[PDB]
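Visitor: whatever this is, show me its structure:
(one chain, ligands or ions: 3)
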Amino acid sequence: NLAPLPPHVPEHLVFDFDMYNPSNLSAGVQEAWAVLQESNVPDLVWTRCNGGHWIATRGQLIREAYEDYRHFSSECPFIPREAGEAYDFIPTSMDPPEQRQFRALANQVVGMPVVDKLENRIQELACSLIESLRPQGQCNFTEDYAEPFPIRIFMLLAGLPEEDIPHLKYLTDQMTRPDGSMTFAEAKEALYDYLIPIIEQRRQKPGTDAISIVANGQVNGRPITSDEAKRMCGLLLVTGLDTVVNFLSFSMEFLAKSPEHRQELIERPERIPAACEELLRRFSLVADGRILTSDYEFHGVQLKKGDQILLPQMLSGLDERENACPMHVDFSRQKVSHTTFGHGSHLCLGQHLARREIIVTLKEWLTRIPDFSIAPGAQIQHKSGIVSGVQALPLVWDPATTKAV
Ligand code: HEM
Ligand SMILES: CC1(C)[C@@H]2CC[C@@]1(C)C(=O)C2
Ligand SMILES: [K+]
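Guide: Residues are numbered from 1 along each chain as shown. Ligands and ions are numbered 1, 2, ... in the order given. Pasting the structure now:
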């Protein structure tokens with residue numbers, strides 16, 4: 001329902017948007033959120049949904065807030081408030097200066113140097129997965145590629161058994177798009193229940209995997225603690241199992257519906273990197289936020305200490321103030337403005353791995369299956385939350401138009 005309106009919030013700024021079930025979801029999740037950018041909606045609004053919280057609707061305010069960590073703290077980054085309070089992953093739940101020291105360590109397992117260590121396996125997996133599907137002329141993209149590709153790469157990197165994916169994927173989804181069976185706190189507890197023993201084992205008998213590296217790592221010259229390691233590894237699981245997985249489906253859904261855009265990349269493959277960037281803007285999918293550390297007047301609005309504010313990374317690039325004709329996909333768009341990977345000191349550290357997985361997927365897919373479409377009569381459904389996604393994506397194609405490599 002709707003939580004009572006705090007006395008410091010003026011009635012004209014109330015817009016009851018539900019980030020976990022937006023009213024215009026049928027038109028597409030990005031379109032659902034874009035309602036916040038209509039001519040009749042203020043730059044900053046208050047929603048009584050999910051306990052009550054502010055929402056910045058424009059790239060300008062979103063960027064500004066992510067830059068000002070003194071006023072907008074990451075200590076409580078998720079909505080509902082109970083989820084934000086329970087959230088303690090590292091380095092995301094910390095503000096500078098303390099946060100910085102952990103970014104260096106994290107970068108050792110998800111940064112550019114880790115992309116080169118797995119460059120070959122990434123290539124091989126994408127090709128093998130796609131070739132296996134090619135002759136079928138059909139597939140359920142979400143489960144047949146979107147999930148297995150990024151997830152298997154992560155599990156390999158982290159040295160975890162593939163048979164554990166179903167369980168880990170369930171827990172992760174409860175922290176971003178809960179089905180109601182588990183509170184964030186419960187999902188977090190379960191994730192740690194899984195990680196604690198593995199961290200202890202890899203600290204006594206270190207390995208070359210991501211978990212061993214973090215567990216036996218150093219932060220600004222001193223040994224990382226078991227607790228810190230646990231909180232960092234938790235974030236790695238979540239980013240490994242619920243980020244690229246969702247973005248790939250949005251991208252393929254669009255490509256299946258746009259023969260002209262597929263054609264463009266087939267005739268001009270060198271434009272794939274640029275197309276990846278434009279797709280990251282058009283189909284941005286993350287939305288978390290911060291908590292006010294004190295009373296603060298922001299753009300004429302009085303924010304009270306403790307107030308939660310959602311700063312949708314998704315909205316910056318969809319904002320027409322940032323990009324003309326924002327809902328249109330233009331691979332030749334001049335300045336692709338967006339905050340899909342975040343903004344401020346918490347800028348995504350795994351963006352190099354993400355882009356590689358995306359670019360490799362587009363290249364190797366169009367190479368083998370250049371002509372495909374959404375299954376006849378199929379109605380694609382999306383889902384909204386901290387990270388948005390696609391429920392299912394049935395694709396079809398004529399095997400005769402495919403090429404085996
Ligand atoms: C398209 C895929 C991805 C998107 C859209 C994405 C987006 C983001 C965003 C929005 C943030 C900042 C959140 C905040 O400020 O509270 C972030 C942080 C982070 N991401 Fe990504 N991410 C993606 C993939 C990944 C992957 C694959 C990894 C790991 C290999 C990863 C690792 C991280 C880490 C470690 C942080 C936390 C950095 C910090 O808090 O200092 N991300 N990501
Ligand atoms: C908001 C995010 C996308 C960012 C990385 C995974 C995520 C869900 C977090 O908890 C941090
Ligand atoms: K917290």
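Visitor: got the contact list for the spatially most central residue of the chain?
Guide: By C-alpha atoms, centre = their mean, the chain has its centre lying nearest to residue 243, at 4.0 Å. By C-beta atoms under 8 Å, 6 or more residues apart in numbering, the residues touching residue 243 are 150, 286, 350, 354, 387. All C-beta atoms are positioned from the backbone trio N, CA, C, and that covers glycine.
Visitor: next up, phi/psi of it, please.
Guide: phi -120, psi -80 (degrees, to the nearest 10).
Visitor: reformat the contacts of residue 243 as TSV; add neighbour count, secondary structure and distance to ligand 1.
Guide: Output for those, formatted as TSV (neighbours: other C-beta atoms under 10 Å; DSSP: H, G, I helix; E, B strand; the rest coil; distance: C-beta to the nearest ligand atom, whole Å):
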residue	neighbour count	secondary structure	distance to ligand 1
150	27	helix	7
286	20	strand	4
350	24	coil	2
354	22	helix	4
387	24	strand	8
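Visitor: pull the most distant pair out of those residues.
Guide: Farthest apart among the contacts of residue 243 by C-beta to C-beta are 150 and 286. That separation is 15.1 Å.
Visitor: re the thing from before, next one: the residue nearest to the centre of the chain from residue 394, what distance?
Guide: Between residue 243 and residue 394 the computed distance is 23 Å (C-beta to C-beta, to the nearest Å).
Visitor: hang on, residue 185 in a helix?
Guide: Yes - the assignment for residue 185 is a helix, going by DSSP: H, G, I helix; E, B strand; the rest coil.
Visitor: for the stretch 151-300 of the chain, what spans make up the strands?
Guide: In the stretch 151-300 of the chain, the strands defined using DSSP state E, counting those that start in this stretch lie at 218-219, 222-223, 288-292, 296-298.
Visitor: can you say which of these is nearest to ligand 2?
Guide: Closest approach to ligand 2 among the strands of the stretch 151-300 of the chain is made by strand 288-292 (4.2 Å; C-beta to the nearest ligand atom).
Visitor: follow-up on the earlier one: out of the strands of the stretch 151-300 of the chain, which comes closest to residue 178?
Guide: Within these, the stretch nearest residue 178 is strand 288-292; the backing value is 14.3 Å (C-beta to C-beta).
Visitor: how many residues are close by residue 370?
Guide: For residue 370, the count of nearby residues is 15 (other C-beta atoms under 10 Å).
Visitor: report the separation between it and residue 258.
Guide: Distance from residue 370 to residue 258, by C-beta to C-beta: 13 Å.
Visitor: hmm, back to that, state the distance from the residue nearest to the centre of the chain to residue 164.
Guide: Here residue 243 is placed at a distance of 18 Å from residue 164 (C-beta to C-beta).
Visitor: re the thing from before, adding distance to ligand 2, write the contacts of residue 243 out as a markdown table.
Guide: Below are these laid out as a markdown table (distance: C-beta to the nearest ligand atom, whole Å):
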| residue | distance to ligand 2 |
| --- | --- |
| 150 | 13 |
| 286 | 4 |
| 350 | 8 |
| 354 | 10 |
| 387 | 5 |
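Visitor: quick check on the residue nearest to residue 319 when sequence neighbours are not counted: phi, psi?
Guide: Counting by C-beta to C-beta, 6 or more residues apart in numbering, residue 319 lies nearest to residue 59, which is 4.3 Å off, once chain neighbours are set aside. Torsion angles at residue 59 (phi, psi; degrees, to the nearest 10) stand at phi -50, psi -40.
Visitor: number of nearby residues for residue 59?
Guide: Other residues close to residue 59 by other C-beta under 10 Å number 24.
Visitor: ok, it - contacts?
Guide: 315-317, 319, 321-322, 337, 339.
Visitor: which residues of the protein lie near ligand 2?
Guide: Contact residues (C-beta under 6 Å from any ligand atom) of the chain with ligand 2: 89, 92, 176, 238-239, 243, 286, 288, 386-387.
Visitor: can you do 5 Å?
Guide: Counting by C-beta under 5 Å from any ligand atom, the chain comes close to ligand 2 at 92, 238-239, 286, 288.
Visitor: stretch 314-324: end-to-end distance?
Guide: End-to-end distance of stretch 314-324 (C-alpha to C-alpha, to the nearest Å): 16 Å.
Visitor: and that stretch, anywhere near ligand 1?
Guide: No - applying C-beta under 5 Å from any ligand atom, one finds stretch 314-324 separated from ligand 1 by no less than 8.9 Å.
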